[PDB]
Amino acid sequence: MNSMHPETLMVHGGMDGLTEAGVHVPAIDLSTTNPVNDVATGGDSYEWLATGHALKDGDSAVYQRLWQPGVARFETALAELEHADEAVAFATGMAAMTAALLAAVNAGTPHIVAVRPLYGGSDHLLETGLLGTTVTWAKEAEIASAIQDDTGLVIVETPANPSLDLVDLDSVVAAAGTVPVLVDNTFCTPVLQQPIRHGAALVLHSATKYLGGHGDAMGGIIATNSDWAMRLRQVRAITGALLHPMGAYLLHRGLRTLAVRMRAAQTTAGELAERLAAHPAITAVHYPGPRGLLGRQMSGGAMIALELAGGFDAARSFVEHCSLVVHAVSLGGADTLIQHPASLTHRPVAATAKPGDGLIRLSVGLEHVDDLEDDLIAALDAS
Amino acid sequence: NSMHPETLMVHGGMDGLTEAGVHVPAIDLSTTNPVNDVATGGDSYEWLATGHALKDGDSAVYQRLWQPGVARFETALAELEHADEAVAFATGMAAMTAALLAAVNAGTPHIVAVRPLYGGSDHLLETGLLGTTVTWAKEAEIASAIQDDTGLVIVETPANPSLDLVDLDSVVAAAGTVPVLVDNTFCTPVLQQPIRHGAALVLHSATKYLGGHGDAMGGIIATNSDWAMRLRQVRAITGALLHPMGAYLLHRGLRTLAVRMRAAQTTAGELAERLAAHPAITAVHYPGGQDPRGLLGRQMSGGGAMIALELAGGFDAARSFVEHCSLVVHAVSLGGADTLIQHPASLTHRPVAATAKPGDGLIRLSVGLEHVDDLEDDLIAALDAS
Amino acid sequence: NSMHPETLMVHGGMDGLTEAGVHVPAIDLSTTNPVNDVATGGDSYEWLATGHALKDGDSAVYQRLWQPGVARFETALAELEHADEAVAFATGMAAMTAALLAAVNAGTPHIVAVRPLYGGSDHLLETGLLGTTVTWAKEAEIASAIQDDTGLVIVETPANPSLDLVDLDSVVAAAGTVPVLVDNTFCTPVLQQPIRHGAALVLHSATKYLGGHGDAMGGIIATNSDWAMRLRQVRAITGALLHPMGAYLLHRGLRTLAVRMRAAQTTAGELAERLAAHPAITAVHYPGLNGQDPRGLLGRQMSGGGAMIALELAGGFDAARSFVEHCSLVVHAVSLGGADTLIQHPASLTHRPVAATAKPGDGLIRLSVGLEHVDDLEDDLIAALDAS
Amino acid sequence: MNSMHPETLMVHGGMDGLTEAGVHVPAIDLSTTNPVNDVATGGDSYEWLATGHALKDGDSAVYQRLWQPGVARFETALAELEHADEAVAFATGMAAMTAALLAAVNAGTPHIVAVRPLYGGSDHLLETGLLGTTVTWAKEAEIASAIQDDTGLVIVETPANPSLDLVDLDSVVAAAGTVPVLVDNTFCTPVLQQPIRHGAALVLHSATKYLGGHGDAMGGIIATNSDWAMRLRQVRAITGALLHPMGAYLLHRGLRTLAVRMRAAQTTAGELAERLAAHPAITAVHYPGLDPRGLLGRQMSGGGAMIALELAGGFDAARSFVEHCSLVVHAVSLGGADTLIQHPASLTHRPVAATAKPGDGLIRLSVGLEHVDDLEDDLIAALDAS
Ligand SMILES: CCCC[C@H](N)C(=O)O
Ligand SMILES: CCCC[C@H](N)C(=O)O
Ligand SMILES: CCCC[C@H](N)C(=O)O
Ligand SMILES: CCCC[C@H](N)C(=O)O
């Protein structure tokens, strides 16, 4: 597990002891409750798990809200890829972010210096302050100044959603100093980026996108140090946003095919963005590749943003004229997905010739570049 | 039409399935849902994000906004409980968390909680993790403990693990303008319905009884449209969703609920009576002179499937009792297919001496679907081992 | 063990789970199973290919040889049926197919099958797809129809869809040296146990009652070690395996079987009595009802009337077709033992394109009583009958 | 689904109408029985499905043994990749082969001209004659002579198991003439080999290997013309070796990642066999891309992900090599996510002595999705331990 390449680590990660048990894949244990050997041993295991610690070997899991073996394997698998001490799995990416914010509030640090742009849900949860949080939206150059004596977390996302703007993680961690940094590494995945290497304390992942890879398993996981993992596990035990054994099995199963899926989707996206650049209907294409963020932080990407000349009307027509490419709000699936991010806020437009709002997000799937190029070209021509 | 609860448990939430050509609800694992139009999809997104239910003929947009499998399970329980709508979460604690978070954001962070309460619910209010201020009051101190900042009144009947009953008619009258949340996990919609008494929210830990087999984790609140909208808004941003597989098993479990509860309660009623005639046990706690205010018949149409045993030996006798059981499995849960046993005093105390404290002798027992002779013979053998 | 059937249904097949620290059996989807040693793995392969059960502490080798989830469900039903072992297949027809294939390879392709039999079982013997020769004999013609080439005697009680009872004590006595296969799908191990009467094989379509919710497809035969070995050999090469998910749901369904059967039978016993007092129906077919127990089989063979009812309508096929299409709560589908009440017209499977005719015969309607209230089921069926 | 490249066809194949229904993945319908609209329409659908025909749109599936929608989507998906008229899915690869043999017997053609080498199970099923079949084991050049007026099928497998010897499919179909040809395309998959293009009538696939791709879903499917697909569907309706909805969903899901998995596994295998050739312990390496007949390019667009190893030590060295692997798992299967190793000679021979016999030095290896450096370092360590 230490001398293995990431491709080998994705397949055998979290599969510890399975070869020895006589099985090929991890068993799906749906057990809500777990019987105990001795009242004394079961009571100790209850206190140990309720305090946020990891289940010691040879001890009963006690209850699924305290510990689930299926979830546990998926947690260790991602922690190995991200090179973090431990990982904590939740029902969704928003449930992991919710627990990270709730832990900061209870530790006496309700203030968060978030750096925009951020994912819609993360941006709205901080803005609402539903979990008793204070937010200070600062730019990349205003991080060190926006830090208060009450700050508990610095939430950053690279590449940004949906603009795909890169943020230098080496500068963020240096500006935060004593404050831990949470990096939403959903778009990059552990294949292309590892925020732990740059200095981030927490690495948020929406397992729904890329980690699952098929658009069927909902999930969220944070790869962080033992201290933060304990806080996150304490919140999970009382708030109960658990990952179902079936979801945990499909997310762990999806990690095995992650290296090959990302390598293929990134190759297709690199050619697709270059081919789409040679089009009169698109003014500019947004694809990673000025500070030399590539190589130092990211080893490409499978997402492309397209700014159209027609604005909202051309973007709306482009989304509805796609047949092979599916119009839905998600990413990292098996098929190519398309979405209009401006349409989520500007909805009852009623077909007006808007000058702006012409950005279209696109999540490259596992299809041939010729078929995706021909489909999107057909949709662009329909105007 | 006017359906009996037994029929309503089987066909509830199964609307349109006969017409679609299927026997059981399909398990749609889809994380994202494609949209017909950009304009129609955007409206469905705003409608679902604002906490409203998915209108027919509209895309679910995303699983965090709406899941069809979860939706069927929600309507099935709401019919069983006679509440306007229901909201399903990953666990019973996730439903309680969303109920507390909604109260805080509505400007009512204060909660007047009536003890005894379930371990997790009690610890969540004491910690104040969600920005809540608790005021632990007795049944007769409810109206006095209500502050101008109170948003919810959390009560639980029968209590855990003492099985003490609380008069829901008195609680709702004392709360007045403040909504009442009743944790009806032990009772289920078969024996008790807090909506008919005046409660605004009805919390259920679907893990116990609703699942009925000890394999599906869940939590659901049957409440009025206004409170369901607030709960749905919290679920959309906090994301403590119920997995399609979990939602299918919890809904499937509702069909066999009437027959399971009527059999487990019958076994429990005889088991508690047979355990009373034992030298080791000083007193048995089973609702069915246990009834003080005539709550059975008026609030509960049965004694339930839970029994609490007061042992004479104290902690040591309770510890050996749950360790000598072979057929009865020692675990921390209830409402499963098999009979479960637990020592509630052991979760806080781990002594190395002969202790006889009030509560140390209490043993919780969740009656399963086994024969009363086999359960009596196993527990009688474990008691003799001392 | 000294356990009552109700306790045995819940804890049966759950051996070692309490000790492992789990509440329910794990769902192991593993197609292949790694081996500890080449020598130990090779022995486990030969042992499982020869039709023997997996010895404890040995690799399952491959799913076609052994599946732990299926294994738990097999032992759970073998305990309820009091048979030595049990073999689980994809469907009830896959279990019957393996039973017929084993008989052919043992040099006994002849089967003395007594009618009436289930549609699929009857059609498989008539077609002779597996190289079998059938001899359809009545209950009193069993001993005479037995040839020196007979390998199995297939009987079904109650019959489908007439619900006619067959005396299993007379069948086993007439078969003598020939093993008897009894389809105990309609009765389940709760009300009937063919092993107690002398049957060698007990066929069950786990889809009906054993699953109990209409979601898991299955088939299992509770039989002696010799027939279980023959059956296990056919399953290893023909590969009609039970998927781990299906095996888990069928095993899970056994826990709630005692309470489901007692409730459905109670509802059926009252439903048939209330339906008898109706002008549209001429005769009701229910084992518990008076007139449907000729040899005193209630108590000796069946400890209940079951949850199936057959209705003889005065209008014939058209009254039966109108009755099926006028049901709203009761679902019209071809199956039994589900959570909800199902209705079907058995004559419609063969006499399908009857367009607005007034045929005198074929007025039988099969009904599988579910877990609903007797008042709601009576009110729905009484409304469908009035629609004529 | 016509002008698409195989990589695109693997992702969107069998996903017809899902985008229109508002879902991202096919729903898992576990329904054993299917309700009907009319008695007359339901009876016609029963006869249509029992006679081996595919379900017409807008008709009830009637029963799972007659039709399953989940299985149906997987059959559509594979048949598109194989360019065959229809496909029939069964519980296992052996269940598909069993139905193919049973259909031939009932059509009055119990004779099968099989060409050695064949897969263990397929070879043992023909030798036993359990389904009333008479086999005639003939070489590639003795096909036309071994054909009797009673022959119904010609079963061939390329590459052979475990030798990986290639068979010219153009010569087999020409020698069979009027007799349909069944090709076991398990190892090759529709990515590298297409038997329909060469003239084969039936294409057998063990969906357990490669089609699933993770070692969790058991399956078997035959891509064949409408006539043979009807005869196979008739056998499936009465013999009932059905594919469970969960298995069918995972096998269909696995088709989406098939192109990327086989391109990566084949690349790793092509380098691994070349690196293993430069080793003192191995006398010869068996890998298609290391070709005298010119079958690569004409029949196979790649060397595959399977490698056979001929060791100098015989049985002793092969057994030691299998037990000295730590990263590579010793199990009897192929096409999984991880690299698997097996000793084929050990299944029949369980000896005390060293036993240097022909085939005892052969080791089968199924290349997974790992790095070539990690697999070379592990196998080189296991060889040094021997
Ligand atoms: C919070 C709205 C849901 C948006 C969706 N998760 C996306 O990928 O755009
Ligand atoms: C993890 C809390 C333990 C209490 C447990 N949930 C029960 O119902 O007994
Ligand atoms: C073989 C015809 C199908 C009959 C159906 N399985 C039933 O039990 O009603
Ligand atoms: C154990 C002999 C069967 C061979 C095995 N199914 C494989 O594919 O290697």
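Side chains are part of it too, since the values below use all heavy atoms of this structure and drop only hydrogens, waters and symmetry mates. Below, chain A is the first sequence line, B the second, and so on; all start at residue 1.
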### Task
Select one option (side chain, backbone, both, neither) describing which atoms of D:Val329 are under 4.5 Å from chain C's heavy atoms.
side chain

### Message
How long is the straight-line distance from CG of C:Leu130 back to CG of D:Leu131, given to the nearest 0.5 Å?
### Response
7.5 Å

### Message
Given heavy-atom pairs under 4.5 angstrom as the criterion, report whether the side chain, backbone, both or neither of C:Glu46 touches chain D.
### Response
side chain

### chain C contact via D:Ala96 - which portion, at a heavy-atom distance below 4.5 Å
neither

### Task
Please look at C:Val354 and chain D and tell me whether the side chain, the backbone, both or neither of the residue comes under 4.5 angstrom of a heavy atom of that chain.
neither

### Query
What part of C:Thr31 gets closer than 4.5 Å to chain D, counting heavy atoms only: side chain, backbone, both or neither?
both

### Task
Considering non-hydrogen atoms only, spot the tightest contact between D:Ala241 and C:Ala240 and give its length.
CB-CB, 3.9 Å

### Minimum heavy-atom distance between D:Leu130 and C:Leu101, given as atom pair plus value
O-CD2, 3.6 Å

### Query
What part of D:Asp44 gets closer than 4.5 Å to chain C, counting heavy atoms only: side chain, backbone, both or neither?
both

### Query
Does any heavy atom of chain C fall under 4.5 Å from the side chain of D:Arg350, the backbone, both, or neither of them?
side chain

### Proximal component of C:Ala355, with respect to chain D [non-hydrogen, under 4.5 Å]
neither

#### Entry: C:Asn105 versus chain D, the contacting section by heavy-atom distance below 4.5 Å
side chain

#### Entry: Contact leader toward chain D among C:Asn36, C:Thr97, C:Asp28, where contacts are heavy-atom pairs under 4.5 Å
C:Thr97

### Message
Please find the pair of heavy atoms, one from C:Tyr62 and one from D:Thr208, that lie closest to each other, and give the distance.
### Response
OH-CG2, 3.6 Å

### Task
Rounded to the nearest 0.5 Å, what's the gap from OH on D:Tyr249 to CE on C:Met245? Could you check?
12.0 Å

### Query
Rounded to the nearest 0.5 Å, what separation is found between the CE atom of C:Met217 and the CZ atom of D:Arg65?
6.0 Å

### Query
From C:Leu29 CG over to D:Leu250 CG, what is the distance, rounded to the nearest 0.5 angstrom?
7.0 Å

### Query
By a 4.5 Å heavy-atom criterion (distance strictly below it), what part of D:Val322 contacts chain C: side chain, backbone, both, or neither?
side chain

### Message
Looking only at heavy atoms and a cut-off of under 4.5 Å, which of D:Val332, D:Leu125, D:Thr41, D:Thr128 has the most pairs with chain C?
### Response
D:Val332

### Query
Which residue out of C:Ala98, C:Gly214, C:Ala102 racks up the most heavy-atom pairs below 4.5 Å with chain D?
C:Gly214

## Note on the structure
If one checks every heavy atom of D:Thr239 against chain C at 4.5 Å, the contacting part turns out to be both

### Task
With a 4.5 Å cut-off on heavy-atom pairs, point out which of C:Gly41, C:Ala94, C:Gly338 contacts chain D the most.
C:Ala94

### Considering all heavy atoms, the nearest D:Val39-C:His332 contact
CG2-NE2, 3.8 Å

### Query
Between D:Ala331 and C:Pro34, what is the shortest heavy-atom contact and its length?
CB-CA, 3.9 Å

### Query
Checking heavy atoms, do the side chain of D:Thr92, its backbone, both or neither come under 4.5 Å from chain C?
both

### Which of C:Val104, C:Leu241, C:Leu349 touches chain D most, by non-hydrogen pairs under 4.5 Å
C:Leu349

### Message
With a sphere of 6.0 Å drawn around NE2 of D:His53, does it hold more than 12 non-hydrogen atoms of other residues, nucleotides or ligands?
### Response
yes

### Query
How many angstroms lie between atom NZ of C:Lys208 and atom OG1 of D:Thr33, to the nearest 0.5 angstrom?
8.5 Å

### Query
Counting only heavy atoms not in D:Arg364, do more than 12 fall under 6.0 Å of its CZ?
yes

### D:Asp38 versus chain C, the contacting section by heavy-atom distance below 4.5 Å
both

